[PDB]
Amino acid sequence: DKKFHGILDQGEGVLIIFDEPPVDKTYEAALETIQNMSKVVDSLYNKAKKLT
Amino acid sequence: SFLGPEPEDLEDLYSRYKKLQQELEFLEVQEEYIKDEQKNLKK
Amino acid sequence: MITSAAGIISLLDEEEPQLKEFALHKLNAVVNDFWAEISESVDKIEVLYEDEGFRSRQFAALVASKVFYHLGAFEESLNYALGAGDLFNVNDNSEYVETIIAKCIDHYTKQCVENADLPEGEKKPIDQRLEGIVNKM
Amino acid sequence: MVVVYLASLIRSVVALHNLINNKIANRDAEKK
Amino acid sequence: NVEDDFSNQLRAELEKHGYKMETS
Amino acid sequence: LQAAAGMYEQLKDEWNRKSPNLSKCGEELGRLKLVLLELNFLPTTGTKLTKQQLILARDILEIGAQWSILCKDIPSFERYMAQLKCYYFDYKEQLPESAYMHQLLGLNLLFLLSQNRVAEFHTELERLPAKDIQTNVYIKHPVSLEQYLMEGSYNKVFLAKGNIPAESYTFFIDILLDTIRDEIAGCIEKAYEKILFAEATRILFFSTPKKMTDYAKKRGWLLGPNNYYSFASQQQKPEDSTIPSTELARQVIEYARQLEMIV
Amino acid sequence: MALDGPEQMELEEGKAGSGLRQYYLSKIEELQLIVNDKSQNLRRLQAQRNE
Amino acid sequence: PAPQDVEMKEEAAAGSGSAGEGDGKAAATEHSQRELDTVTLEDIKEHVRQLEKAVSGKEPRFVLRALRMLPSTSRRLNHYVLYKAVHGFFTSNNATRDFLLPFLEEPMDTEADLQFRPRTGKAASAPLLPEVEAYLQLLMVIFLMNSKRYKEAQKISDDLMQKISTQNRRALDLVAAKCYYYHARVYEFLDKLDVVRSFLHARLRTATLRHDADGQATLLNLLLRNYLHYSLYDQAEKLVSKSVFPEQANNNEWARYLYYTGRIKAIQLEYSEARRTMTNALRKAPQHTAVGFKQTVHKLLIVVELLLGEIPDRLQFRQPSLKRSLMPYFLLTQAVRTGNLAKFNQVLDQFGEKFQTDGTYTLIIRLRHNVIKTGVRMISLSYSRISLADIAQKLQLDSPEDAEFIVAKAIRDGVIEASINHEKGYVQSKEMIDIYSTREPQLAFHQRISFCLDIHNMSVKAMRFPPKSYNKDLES
């Protein structure tokens, strides 16, 4: 669910805890935009054929 | 190339073009300044 | 020809005078066939001309100027051909390789222009050979 | 760029033709 | 890449049954 | 023009074991240049008409090339091979071809690997695609040997072969053994932290334990069957987020300024 | 012009000296190319400023 | 059918001639004239013209349409392409293609665009006589791409072409440039062993002095191309160091040059520049010349990629619809992604005979090492420790011992980033998968940004480029 995110070691009787994400919003926001860009280029190329 | 009239025709071309070259040196000086004048148009 | 320069090159590298002599006679016609191979290998031809222990100085100069001319180092063509002081004539007769001769004048004029500005003369600069060629035209 | 090219295509016919008109234009102006 | 699908379906069912007996 | 013998085909007969003298061969090289002037006359003045003469010309220079690397003359093998280079594909075809061209190709290819001039080997291969120009028995041996080096398959590499034909192939393979030996020492230096003496003899292709002691200390390895070079350096490289750096993406100061000029 | 061919020697009439003219033209011909590039460049800046 | 041949010829001759003459005559509009003449005209002459209507030869009328030389000696070449030797593999005219002076009927009608015979005939110090000569020379040899003809009119065509040339002019080298390409091809492309070289070098010298870019460009490509086919590779490598390609050469000229250069650097051990040059050539010039080249370019390209250190995906094979041509290659690819040695050797051998043809043979040996290199990267990356014996079996190496030596070399190169522990019986993974840790996210940006700088410069310059000509045409 990623409530705290960790890994449970059943081989040793311990629970490995990771804490305070270094995950940044800058990166996450950037991912949405870049997928929309790939779409625009496809539409552009189709129009490109006329010019040639 | 020869002693023939071929170097006479070449001579006249040469002569006129030489005069032209001078004309062209002047056009270079303007070309350089026009770049700054365009930058200046903005102001 | 279609043949590669390699054999001819090997002969120059060898210490013998005879093998070098044959190579220069042969190279005097493969120069528009292979320019690449002769060019790289130019350095040996230049020694052959330079020494006065060599009996085919004139030929050595000739082949070397045609290579130089091909390379686009035009200046080196003027010096060797005139410097040798013979086999300069074959270039003049041509109108294809009148280039080497015509560049002798072009050079003279460009340097002579600079010196002309304040003192009238050609003054101290301007090598012996280039001054003679111009007066001849 | 793709849009800029569509504009140059329509432009071409007029721009190309104009070149001839200019040289002649200077003679007429001087005459009259 | 390579065609993993043809190979995995046959391997997964068969191998798994032998593995049951072999290991837990 | 090869006719008679005292400097013409004199060298040829010497290469056989009829007269197996090498002592004459050293002298022969200076004299051979005198018959060589004449030989040189025939190619690209006539072609087919001159054919017989070509065969003979090439045979003396090529067979003597093999015989003057049992005299261990390096400068001679290259200048003959070089001379005959153009004879391989001379003009249209002068047809100076000899059986000995077959061995020569193979000798040159082993020579180029020992010198470590891999670029030239590749350049020769591009001329080569229709390998039916003298077929593959002595050319197959260099190509397998190059692959094996290439791969990292050092065990397979021939240092045991090429010493077995003793005509001229031995000269290249002895020097090559030093080169591969060095190559192993380098690979092991970065790869693994220790080296044993049980380990070392086989991998570097040493003959003795004394050779082991010599090669390891130079590099700085030797401490005994247990050393520690590799490990520590391999660990040190990731993480420069808590430690200042500028390495990659060039020199930064330039980098930001350049990026902005371009757009 | 001519590809090759000597016409009444270097010494006799003095074909080479008059002959040198054709080569001086190679220089003006070499210049003619840059003039064209120079013309377009000047115009692009001018058209740019003018608007 | 001669009664039907005459409509076809008259239209064809007029249309192609009109465009070459109207463009050439202006003489100071060099950029426009250079572009129109190189790409459009020669391409028009090959693909649309020949194919159109009954009989591919429309040559007989054309010779008379302009002027070559006044006696019917130079004309004779027009008859020879039609019939002699082979007769090409184009459709020839029945008759009215006459041995000496093809046609009886002029289409000239004293135009400036279709000339007149005595009118051009005066010129010899004018560009009017050399330009017409060349256009006709070009047309005649134009059949050679399509036909792949040998020893017809192409016996004296090399000599005749040298005659047309003299000390040339900058305008004359631009038209002549079209002839220079065919001059090599006639003995080059067929691979008859002859000297095409003398002429090619010779024009090269003359064009550099006058400094006409169109001419120099064409010669340099041919000189490299000729050598490689002859199997005199050594000559081609040394040539490149002395060459200088103009930066103002046209788009076909660049594509041909780049392909040919690409095969050469690939041999030297420079795969990185070799792949980029081959790909870009195909987009740069879509030509009818280009159709013969494409199969080779892709075939050579794939072996060239595997060596660099990229393993190409399946999709690439699918799109250019040339999948079949690519097909034996496709197997070699599936073999690298699996990374198993044994599969590679067998496949590459049987197929190897075909591969010799593209220029791949020199490379072919080295492709062996890439397969294992891909196996080593997967073993180290995926796991920490797996036994040396497990790896030996998986890749199908000869010995467990053989796995050690190969692993040991690979680390030194530093592409793997692992350690092999010889004594302990396993490979240890020293690497961890990351791209944010060291100085390295900056590098990751660097490569992404770097490809972009080139795209930006091209987009912006290109936008401006039609307007540059309008600005010259005098519009604001």
# chains A, B, ... in the order shown; residues from 1 in each chain; ligands from 1

call {"tool": "residues_around", "arguments": {"residues": "residue 32 (chain B)", "least_positions_apart": "6", "cutoff": "12 Å", "atoms": "only C-alpha atoms", "output": "list in words"}}
result
residues 25, 26, 38 and 39 of chain B; 38, 41, 42, 45 and 46 of chain G

call {"tool": "closest_atom_pairs", "arguments": {"of": "chain F", "to": "chain C", "cutoff": "12 Å", "atoms": "only C-alpha atoms", "output": "JSON lines"}}
result
{"residue": "F:29", "atom": "CA", "partner": "C:14", "partner_atom": "CA", "distance": 11.5}
{"residue": "F:30", "atom": "CA", "partner": "C:16", "partner_atom": "CA", "distance": 9.3}
{"residue": "F:31", "atom": "CA", "partner": "C:16", "partner_atom": "CA", "distance": 11.1}
{"residue": "F:32", "atom": "CA", "partner": "C:16", "partner_atom": "CA", "distance": 11.4}
{"residue": "F:33", "atom": "CA", "partner": "C:19", "partner_atom": "CA", "distance": 7.8}
{"residue": "F:34", "atom": "CA", "partner": "C:18", "partner_atom": "CA", "distance": 8.5}
{"residue": "F:35", "atom": "CA", "partner": "C:19", "partner_atom": "CA", "distance": 10.9}
{"residue": "F:36", "atom": "CA", "partner": "C:19", "partner_atom": "CA", "distance": 8.3}
{"residue": "F:37", "atom": "CA", "partner": "C:19", "partner_atom": "CA", "distance": 6.4}
{"residue": "F:38", "atom": "CA", "partner": "C:19", "partner_atom": "CA", "distance": 10.0}
{"residue": "F:39", "atom": "CA", "partner": "C:19", "partner_atom": "CA", "distance": 11.0}
{"residue": "F:40", "atom": "CA", "partner": "C:22", "partner_atom": "CA", "distance": 8.3}
{"residue": "F:41", "atom": "CA", "partner": "C:22", "partner_atom": "CA", "distance": 8.7}
{"residue": "F:42", "atom": "CA", "partner": "C:26", "partner_atom": "CA", "distance": 11.9}
{"residue": "F:43", "atom": "CA", "partner": "C:3", "partner_atom": "CA", "distance": 9.4}
{"residue": "F:44", "atom": "CA", "partner": "C:1", "partner_atom": "CA", "distance": 8.0}
{"residue": "F:45", "atom": "CA", "partner": "C:26", "partner_atom": "CA", "distance": 10.0}
{"residue": "F:47", "atom": "CA", "partner": "C:3", "partner_atom": "CA", "distance": 11.7}
{"residue": "F:58", "atom": "CA", "partner": "C:7", "partner_atom": "CA", "distance": 11.4}
{"residue": "F:61", "atom": "CA", "partner": "C:7", "partner_atom": "CA", "distance": 11.8}
{"residue": "F:75", "atom": "CA", "partner": "C:14", "partner_atom": "CA", "distance": 10.0}
{"residue": "F:76", "atom": "CA", "partner": "C:14", "partner_atom": "CA", "distance": 9.9}
{"residue": "F:77", "atom": "CA", "partner": "C:10", "partner_atom": "CA", "distance": 11.5}
{"residue": "F:78", "atom": "CA", "partner": "C:10", "partner_atom": "CA", "distance": 9.1}
{"residue": "F:79", "atom": "CA", "partner": "C:10", "partner_atom": "CA", "distance": 5.8}
{"residue": "F:80", "atom": "CA", "partner": "C:10", "partner_atom": "CA", "distance": 7.9}
{"residue": "F:81", "atom": "CA", "partner": "C:7", "partner_atom": "CA", "distance": 9.1}
{"residue": "F:82", "atom": "CA", "partner": "C:6", "partner_atom": "CA", "distance": 6.0}
{"residue": "F:83", "atom": "CA", "partner": "C:7", "partner_atom": "CA", "distance": 3.9}
{"residue": "F:84", "atom": "CA", "partner": "C:7", "partner_atom": "CA", "distance": 6.5}
{"residue": "F:85", "atom": "CA", "partner": "C:6", "partner_atom": "CA", "distance": 6.4}
{"residue": "F:86", "atom": "CA", "partner": "C:4", "partner_atom": "CA", "distance": 5.1}
{"residue": "F:87", "atom": "CA", "partner": "C:7", "partner_atom": "CA", "distance": 7.7}
{"residue": "F:88", "atom": "CA", "partner": "C:3", "partner_atom": "CA", "distance": 9.4}
{"residue": "F:89", "atom": "CA", "partner": "C:3", "partner_atom": "CA", "distance": 6.8}
{"residue": "F:90", "atom": "CA", "partner": "C:3", "partner_atom": "CA", "distance": 4.7}
{"residue": "F:91", "atom": "CA", "partner": "C:3", "partner_atom": "CA", "distance": 4.0}
{"residue": "F:92", "atom": "CA", "partner": "C:2", "partner_atom": "CA", "distance": 6.4}
{"residue": "F:93", "atom": "CA", "partner": "C:3", "partner_atom": "CA", "distance": 8.6}
{"residue": "F:94", "atom": "CA", "partner": "C:3", "partner_atom": "CA", "distance": 9.3}

call {"tool": "write_last_selection", "arguments": {"atoms": "N, CA and C atoms", "output": "short mmCIF file (atom, residue, chain, number, x, y, z; two decimals), in the first residue's frame"}}
result
data_model
loop_
_atom_site.label_atom_id
_atom_site.label_comp_id
_atom_site.auth_asym_id
_atom_site.auth_seq_id
_atom_site.Cartn_x
_atom_site.Cartn_y
_atom_site.Cartn_z
N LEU F 29 71.23 -9.87 -49.35
CA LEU F 29 70.23 -8.80 -49.34
C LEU F 29 70.72 -7.59 -50.05
N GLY F 30 72.00 -7.17 -49.88
CA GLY F 30 72.58 -6.09 -50.63
C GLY F 30 72.67 -6.32 -52.14
N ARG F 31 73.04 -7.50 -52.60
CA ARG F 31 73.12 -7.94 -54.01
C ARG F 31 71.75 -8.03 -54.67
N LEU F 32 70.71 -8.48 -53.93
CA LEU F 32 69.35 -8.69 -54.44
C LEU F 32 68.65 -7.45 -55.01
N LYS F 33 69.04 -6.28 -54.44
CA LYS F 33 68.65 -4.98 -54.94
C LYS F 33 69.09 -4.57 -56.31
N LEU F 34 70.26 -5.08 -56.74
CA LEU F 34 70.75 -5.06 -58.05
C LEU F 34 69.97 -5.86 -59.13
N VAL F 35 69.52 -7.12 -58.87
CA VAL F 35 68.60 -7.86 -59.70
C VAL F 35 67.24 -7.25 -59.59
N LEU F 36 66.80 -6.62 -58.47
CA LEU F 36 65.55 -6.08 -58.20
C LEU F 36 65.27 -4.92 -59.10
N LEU F 37 66.29 -4.13 -59.58
CA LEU F 37 66.06 -2.98 -60.42
C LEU F 37 65.33 -3.49 -61.73
N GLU F 38 65.91 -4.61 -62.22
CA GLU F 38 65.41 -5.18 -63.43
C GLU F 38 64.01 -5.74 -63.26
N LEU F 39 63.73 -6.32 -62.10
CA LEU F 39 62.45 -6.92 -61.93
C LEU F 39 61.28 -6.00 -61.95
N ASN F 40 61.50 -4.84 -61.44
CA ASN F 40 60.68 -3.68 -61.29
C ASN F 40 60.23 -3.14 -62.61
N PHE F 41 61.00 -3.33 -63.75
CA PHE F 41 60.77 -2.84 -65.08
C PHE F 41 59.46 -3.33 -65.62
N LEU F 42 59.14 -4.66 -65.43
CA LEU F 42 58.01 -5.37 -66.06
C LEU F 42 56.62 -4.93 -65.54
N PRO F 43 56.37 -4.56 -64.31
CA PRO F 43 54.94 -4.40 -63.91
C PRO F 43 54.42 -3.00 -64.28
N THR F 44 53.23 -2.88 -64.87
CA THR F 44 52.44 -1.79 -65.45
C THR F 44 53.20 -1.12 -66.61
N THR F 45 54.17 -1.80 -67.28
CA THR F 45 54.64 -1.40 -68.63
C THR F 45 53.98 -2.43 -69.55
N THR F 47 51.63 -6.34 -69.31
CA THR F 47 50.78 -6.94 -68.30
C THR F 47 50.91 -8.42 -68.49
N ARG F 58 58.37 -12.03 -57.88
CA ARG F 58 57.70 -12.12 -56.60
C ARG F 58 58.27 -13.24 -55.78
N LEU F 61 61.74 -12.38 -53.81
CA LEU F 61 61.57 -11.41 -52.78
C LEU F 61 60.73 -11.99 -51.66
N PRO F 75 63.50 -5.25 -40.40
CA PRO F 75 63.35 -4.22 -41.43
C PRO F 75 63.14 -4.79 -42.82
N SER F 76 63.79 -5.99 -43.11
CA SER F 76 63.69 -6.70 -44.34
C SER F 76 62.36 -7.34 -44.62
N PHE F 77 61.72 -7.97 -43.58
CA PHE F 77 60.40 -8.71 -43.72
C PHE F 77 59.36 -7.72 -44.10
N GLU F 78 59.28 -6.54 -43.48
CA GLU F 78 58.27 -5.49 -43.71
C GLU F 78 58.40 -4.82 -45.09
N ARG F 79 59.63 -4.64 -45.56
CA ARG F 79 59.84 -3.93 -46.80
C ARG F 79 59.66 -4.84 -47.97
N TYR F 80 59.80 -6.20 -47.74
CA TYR F 80 59.42 -7.12 -48.77
C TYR F 80 58.00 -7.26 -48.83
N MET F 81 57.33 -7.41 -47.68
CA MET F 81 55.87 -7.64 -47.61
C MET F 81 55.08 -6.48 -48.23
N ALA F 82 55.60 -5.30 -47.91
CA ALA F 82 55.15 -3.95 -48.38
C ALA F 82 55.28 -3.89 -49.88
N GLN F 83 56.41 -4.43 -50.37
CA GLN F 83 56.67 -4.36 -51.82
C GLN F 83 55.71 -5.22 -52.63
N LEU F 84 55.36 -6.40 -52.08
CA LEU F 84 54.56 -7.40 -52.62
C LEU F 84 53.10 -7.13 -52.37
N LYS F 85 52.71 -6.12 -51.53
CA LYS F 85 51.40 -5.70 -51.18
C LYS F 85 50.64 -5.36 -52.36
N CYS F 86 51.28 -4.51 -53.19
CA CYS F 86 50.72 -4.05 -54.47
C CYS F 86 50.72 -5.10 -55.55
N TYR F 87 51.67 -6.05 -55.46
CA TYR F 87 51.70 -7.17 -56.31
C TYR F 87 50.49 -8.13 -56.13
N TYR F 88 49.84 -8.20 -54.90
CA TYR F 88 48.63 -8.99 -54.59
C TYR F 88 47.51 -8.68 -55.53
N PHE F 89 47.17 -7.37 -55.69
CA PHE F 89 46.20 -6.85 -56.60
C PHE F 89 46.99 -5.78 -57.39
N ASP F 90 47.85 -6.19 -58.42
CA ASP F 90 48.69 -5.27 -59.14
C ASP F 90 47.92 -4.89 -60.38
N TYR F 91 47.68 -3.62 -60.62
CA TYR F 91 46.86 -3.19 -61.75
C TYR F 91 45.52 -3.90 -61.84
N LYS F 92 45.19 -4.27 -63.03
CA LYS F 92 44.12 -5.16 -63.47
C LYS F 92 44.32 -6.51 -62.87
N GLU F 93 45.55 -6.98 -63.17
CA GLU F 93 46.16 -8.20 -62.61
C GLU F 93 47.49 -8.46 -63.41
N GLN F 94 48.64 -8.24 -62.79
CA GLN F 94 49.87 -8.57 -63.45
C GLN F 94 50.15 -10.02 -63.42
#

call {"tool": "residues_around", "arguments": {"residues": "residue 21 (chain D)", "least_positions_apart": "5", "cutoff": "12 Å", "atoms": "only C-alpha atoms", "output": "list in words"}}
result
residues 14, 15, 16, 26, 27 and 28 of chain D; 473, 474 and 475 of chain H

call {"tool": "interface_residues", "arguments": {"of": "chain G", "to": "chain C", "cutoff": "8 Å", "atoms": "only C-alpha atoms", "output": "PDB file with C-alpha atoms, in the first residue's frame"}}
result
ATOM      1  CA  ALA G   2      42.140  25.665 -72.631  1.00  0.00           C
ATOM      2  CA  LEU G   3      42.584  22.325 -70.971  1.00  0.00           C
ATOM      3  CA  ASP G   4      46.186  21.962 -72.040  1.00  0.00           C
ATOM      4  CA  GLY G   5      48.203  22.929 -75.056  1.00  0.00           C
ATOM      5  CA  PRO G   6      51.169  25.347 -75.478  1.00  0.00           C
ATOM      6  CA  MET G   9      56.040  28.984 -76.677  1.00  0.00           C
ATOM      7  CA  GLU G  10      56.906  30.886 -73.451  1.00  0.00           C
ATOM      8  CA  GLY G  14      55.541  35.121 -74.590  1.00  0.00           C
ATOM      9  CA  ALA G  16      52.937  32.469 -70.454  1.00  0.00           C
ATOM     10  CA  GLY G  17      52.898  36.207 -69.451  1.00  0.00           C
ATOM     11  CA  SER G  18      49.604  37.000 -71.143  1.00  0.00           C
ATOM     12  CA  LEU G  20      48.926  34.512 -66.340  1.00  0.00           C
ATOM     13  CA  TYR G  23      45.028  32.315 -63.613  1.00  0.00           C
ATOM     14  CA  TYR G  24      44.466  35.777 -61.942  1.00  0.00           C
TER      15      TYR G  24
END

call {"tool": "interface_residues", "arguments": {"of": "chain A", "to": "chain H", "cutoff": "12 Å", "atoms": "only C-alpha atoms", "output": "PyMOL selection string"}}
result
chain A and resi 22-23+52

call {"tool": "write_last_selection", "arguments": {"atoms": "C-alpha atoms", "output": "short mmCIF file (atom, residue, chain, number, x, y, z; two decimals), in the first residue's frame"}}
result
data_model
loop_
_atom_site.label_atom_id
_atom_site.label_comp_id
_atom_site.auth_asym_id
_atom_site.auth_seq_id
_atom_site.Cartn_x
_atom_site.Cartn_y
_atom_site.Cartn_z
CA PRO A 22 13.61 11.53 -0.77
CA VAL A 23 10.94 11.35 -3.49
CA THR A 52 8.08 17.40 -48.33
#

call {"tool": "closest_atom_pairs", "arguments": {"of": "chain B", "to": "chain G", "cutoff": "6 Å", "atoms": "only C-alpha atoms", "output": "Markdown table"}}
result
| residue | atom | partner | partner_atom | distance |
| --- | --- | --- | --- | --- |
| B:1 | CA | G:19 | CA | 3.9 |
| B:2 | CA | G:15 | CA | 5.1 |
| B:3 | CA | G:15 | CA | 4.3 |
| B:7 | CA | G:18 | CA | 5.9 |
| B:31 | CA | G:42 | CA | 5.8 |
| B:38 | CA | G:49 | CA | 5.3 |

call {"tool": "select_by_dssp", "arguments": {"residues": "chain A", "states": "helix (DSSP H, G or I)", "output": "CSV table (one decimal) with N, CA, C and O atoms, in the first residue's frame"}}
result
chain,number,residue,atom,x,y,z
A,25,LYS,N,8.4,16.1,-5.7
A,25,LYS,CA,7.3,16.4,-6.5
A,25,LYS,C,7.7,16.9,-7.8
A,25,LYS,O,6.9,16.9,-8.7
A,26,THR,N,9.0,17.4,-7.9
A,26,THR,CA,9.6,18.1,-9.1
A,26,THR,C,9.6,17.0,-10.2
A,26,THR,O,9.2,17.3,-11.4
A,27,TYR,N,10.1,15.8,-9.8
A,27,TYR,CA,10.2,14.7,-10.7
A,27,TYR,C,8.9,14.1,-11.1
A,27,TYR,O,8.8,13.7,-12.3
A,28,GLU,N,8.0,14.0,-10.1
A,28,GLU,CA,6.7,13.4,-10.3
A,28,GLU,C,5.8,14.1,-11.3
A,28,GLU,O,5.2,13.5,-12.1
A,29,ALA,N,5.8,15.5,-11.2
A,29,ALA,CA,5.1,16.4,-12.0
A,29,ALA,C,5.7,16.3,-13.4
A,29,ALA,O,5.0,16.4,-14.4
A,30,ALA,N,7.1,16.2,-13.5
A,30,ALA,CA,7.8,16.2,-14.8
A,30,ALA,C,7.3,15.0,-15.6
A,30,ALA,O,7.1,15.2,-16.8
A,31,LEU,N,7.0,13.9,-14.9
A,31,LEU,CA,6.6,12.7,-15.6
A,31,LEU,C,5.3,12.8,-16.3
A,31,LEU,O,5.2,12.3,-17.4
A,32,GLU,N,4.3,13.5,-15.8
A,32,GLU,CA,3.0,13.7,-16.5
A,32,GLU,C,3.2,14.5,-17.8
A,32,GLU,O,2.6,14.1,-18.8
A,33,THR,N,4.0,15.5,-17.8
A,33,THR,CA,4.2,16.4,-19.0
A,33,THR,C,4.8,15.8,-20.1
A,33,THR,O,4.3,16.1,-21.2
A,34,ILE,N,5.9,15.0,-19.8
A,34,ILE,CA,6.7,14.4,-20.9
A,34,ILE,C,5.9,13.4,-21.7
A,34,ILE,O,6.0,13.3,-22.9
A,35,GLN,N,4.9,12.6,-21.1
A,35,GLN,CA,4.1,11.7,-21.9
A,35,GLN,C,3.2,12.4,-22.9
A,35,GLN,O,3.0,12.0,-24.0
A,36,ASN,N,2.6,13.6,-22.5
A,36,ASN,CA,1.8,14.5,-23.4
A,36,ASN,C,2.7,15.0,-24.7
A,36,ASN,O,2.1,15.1,-25.8
A,37,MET,N,4.0,15.2,-24.5
A,37,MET,CA,4.9,15.7,-25.5
A,37,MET,C,5.0,14.8,-26.8
A,37,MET,O,5.2,15.2,-27.9
A,38,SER,N,5.1,13.4,-26.5
A,38,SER,CA,5.3,12.3,-27.4
A,38,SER,C,4.0,12.3,-28.3
A,38,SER,O,4.2,12.1,-29.5
A,39,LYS,N,2.9,12.6,-27.8
A,39,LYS,CA,1.7,12.7,-28.6
A,39,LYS,C,1.8,13.8,-29.7
A,39,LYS,O,1.4,13.6,-30.8
A,40,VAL,N,2.3,15.0,-29.3
A,40,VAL,CA,2.3,16.1,-30.2
A,40,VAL,C,3.1,15.9,-31.4
A,40,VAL,O,2.7,16.3,-32.4
A,41,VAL,N,4.3,15.3,-31.1
A,41,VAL,CA,5.3,14.9,-32.2
A,41,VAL,C,4.8,14.1,-33.3
A,41,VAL,O,5.0,14.3,-34.4
A,42,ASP,N,4.0,13.0,-32.8
A,42,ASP,CA,3.3,12.1,-33.8
A,42,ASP,C,2.3,12.9,-34.7
A,42,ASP,O,2.3,12.7,-35.9
A,43,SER,N,1.5,13.9,-34.1
A,43,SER,CA,0.6,14.6,-34.9
A,43,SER,C,1.2,15.5,-35.9
A,43,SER,O,0.8,15.7,-37.1
A,44,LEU,N,2.4,16.1,-35.5
A,44,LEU,CA,3.2,17.0,-36.2
A,44,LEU,C,3.8,16.3,-37.5
A,44,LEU,O,3.7,16.9,-38.6
A,45,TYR,N,4.2,15.1,-37.4
A,45,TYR,CA,4.9,14.4,-38.5
A,45,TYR,C,4.0,14.1,-39.7
A,45,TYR,O,4.4,14.2,-40.8
A,46,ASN,N,2.8,13.7,-39.3
A,46,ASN,CA,1.7,13.5,-40.3
A,46,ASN,C,1.6,14.8,-41.1
A,46,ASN,O,1.4,14.9,-42.4
A,47,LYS,N,1.5,16.0,-40.5
A,47,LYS,CA,1.4,17.3,-41.2
A,47,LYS,C,2.6,17.5,-42.0
A,47,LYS,O,2.7,18.1,-43.1
A,48,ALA,N,3.8,17.0,-41.6
A,48,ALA,CA,5.1,17.1,-42.2
A,48,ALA,C,5.2,16.6,-43.7
A,48,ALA,O,6.0,17.3,-44.4
A,49,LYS,N,4.5,15.5,-44.0
A,49,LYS,CA,4.5,14.9,-45.2
A,49,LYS,C,4.1,15.8,-46.3
A,49,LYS,O,4.6,15.6,-47.4
A,50,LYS,N,3.1,16.8,-46.2
A,50,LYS,CA,2.7,17.7,-47.2
A,50,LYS,C,3.7,18.5,-47.7
A,50,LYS,O,3.8,18.7,-48.9
A,51,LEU,N,4.6,19.0,-46.8
A,51,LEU,CA,5.6,20.0,-46.9
A,51,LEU,C,6.6,19.5,-47.8
A,51,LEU,O,7.2,20.2,-48.6

call {"tool": "closest_atom_pairs", "arguments": {"of": "chain B", "to": "chain H", "cutoff": "12 Å", "atoms": "only C-alpha atoms", "output": "JSON lines"}}
result
{"residue": "B:1", "atom": "CA", "partner": "H:167", "partner_atom": "CA", "distance": 9.8}
{"residue": "B:5", "atom": "CA", "partner": "H:125", "partner_atom": "CA", "distance": 10.7}
{"residue": "B:6", "atom": "CA", "partner": "H:125", "partner_atom": "CA", "distance": 8.0}
{"residue": "B:7", "atom": "CA", "partner": "H:125", "partner_atom": "CA", "distance": 11.0}
{"residue": "B:8", "atom": "CA", "partner": "H:125", "partner_atom": "CA", "distance": 12.0}
{"residue": "B:9", "atom": "CA", "partner": "H:125", "partner_atom": "CA", "distance": 9.2}
{"residue": "B:10", "atom": "CA", "partner": "H:125", "partner_atom": "CA", "distance": 9.9}

call {"tool": "interface_residues", "arguments": {"of": "chain D", "to": "chain A", "cutoff": "10 Å", "atoms": "only C-alpha atoms", "output": "PyMOL selection string"}}
result
chain D and resi 1-3+5-6+9

call {"tool": "write_last_selection", "arguments": {"atoms": "N, CA and C atoms", "output": "PDB file, in the first residue's frame"}}
result
ATOM      1  N   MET D   1       8.284  25.239 -36.230  1.00  0.00           N
ATOM      2  CA  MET D   1       8.838  25.042 -37.568  1.00  0.00           C
ATOM      3  C   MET D   1       7.783  24.532 -38.518  1.00  0.00           C
ATOM      4  N   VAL D   2       6.912  23.567 -38.143  1.00  0.00           N
ATOM      5  CA  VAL D   2       6.003  23.018 -39.123  1.00  0.00           C
ATOM      6  C   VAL D   2       5.053  24.066 -39.606  1.00  0.00           C
ATOM      7  N   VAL D   3       4.529  24.910 -38.664  1.00  0.00           N
ATOM      8  CA  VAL D   3       3.630  25.982 -38.954  1.00  0.00           C
ATOM      9  C   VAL D   3       4.354  27.025 -39.830  1.00  0.00           C
ATOM     10  N   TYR D   5       6.823  26.767 -41.935  1.00  0.00           N
ATOM     11  CA  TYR D   5       6.883  26.259 -43.279  1.00  0.00           C
ATOM     12  C   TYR D   5       5.569  26.412 -44.048  1.00  0.00           C
ATOM     13  N   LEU D   6       4.390  26.150 -43.499  1.00  0.00           N
ATOM     14  CA  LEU D   6       3.112  26.276 -44.203  1.00  0.00           C
ATOM     15  C   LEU D   6       3.061  27.740 -44.660  1.00  0.00           C
ATOM     16  N   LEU D   9       5.340  28.520 -47.712  1.00  0.00           N
ATOM     17  CA  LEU D   9       4.817  27.925 -48.946  1.00  0.00           C
ATOM     18  C   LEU D   9       3.905  28.913 -49.679  1.00  0.00           C
TER      19      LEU D   9
END
